[PDB]
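Starting off, we have a lone chain in the form deposited in one PDB entry, written out as C-alpha cells.
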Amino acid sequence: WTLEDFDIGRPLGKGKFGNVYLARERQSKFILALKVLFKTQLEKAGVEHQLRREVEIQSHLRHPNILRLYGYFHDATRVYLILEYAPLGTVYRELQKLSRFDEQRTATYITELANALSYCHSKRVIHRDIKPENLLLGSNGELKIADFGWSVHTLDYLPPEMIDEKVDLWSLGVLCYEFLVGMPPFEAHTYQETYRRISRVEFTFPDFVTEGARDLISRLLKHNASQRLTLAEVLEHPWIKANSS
C-alpha cells in the first residue's frame, strides 16, 4: 500500500494527531477513509507504540458495530490508516445538529455500543476512549465505534479511578446522559470544579429525563467500579428493552 493507490476526496475531520479524508482505492474502486498521522506529532507525544497496539488489536476485531481498519502503511514522515468509511458522520455532529436525542435513538445507540463493547471485552480489549466524536454512523444509521488508540490488551468522560474493563461502563453512562441531555453530566467552568464533581459523582438530571433513564445512568455512574452495571445488565435493562429499535 502507498499513496499512489488512492484518489483523495474531501476532508472528513481534523484531529490533533492527523486528518481524515474520503478516498477511493484506484484498483478496486472501493470507497473508504484514509487517516494521515504525522510522526512529528506522534513522537512529540510519545504515542508511537500505541499506534502499533491499535493496529494489532484491529487485526482481530470483526463486528458490525466496530469501524474496520483494513490496513496501514507509512511514507517517510507520515503513517496512514485505511479505514471503513462512515457515510453518515459522527454521533457528535448529529448531537450538535439535533441538540439532544429522544429515548428511542438513545437506547438504540446504547444497545449497539454495548454489543460492540461486549465483543471487545470478550477478546480482552478495553476501549478506554468512548465518546461522541469517536462514534460513527454507517449507511443504515448503525453506530460504529472508532479510534482504538488508547485501547489496552476532555476530562468529562474519565471515571474517578483515572483522575480494567469497568471504565467503559462509566463512559457508557456518561454517553447515555449526554445523548438525552445534550451536555455531559459533570460539565463545569473550571478544571478543578469538574474534577471535584467526577470524584464526588455529583450530577443531577433535568426534569425531562425519565425515571427509566435516571435508573440506567445511576447504575452506571458509580464511584465503586465493580458495582457498576455490566454490559449484559445494560442490554437487559427495562428502559433499554422498552425503547430500543
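Heads up, when I say rigid core I mean the largest set of C-alphas that superpose within 1.5 Å between the two forms. Just count from 1 along the sequence shown to find any residue number.
Another form exists, deposited in another entry; not displayed. Remarks below refer to it.
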* Of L175, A86, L81, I145, only one moves its C-alpha by 2 angstroms or more between the shown form and the other one once the rigid core is aligned, so tell me which. => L81
* Align both forms on the core first, then report whether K97 has a C-alpha shift of 2 Å or more between the shown form and the other one. => no
* C-alpha of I31 moved at least 2 Å between the shown form and the other one on rigid core -> no
* Does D215 show a Cα shift reaching 2 Å between the shown form and the other one after rigid-core superposition? -> no
* Closer or farther: the CA pair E133/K16 in that other deposited form, versus this form, with a change of 3 Å or more? -> closer
* Since the Cα separation of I110 and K16 moves by 3 Å or more in that other deposited form, tell me which way: closer or farther than here. => closer
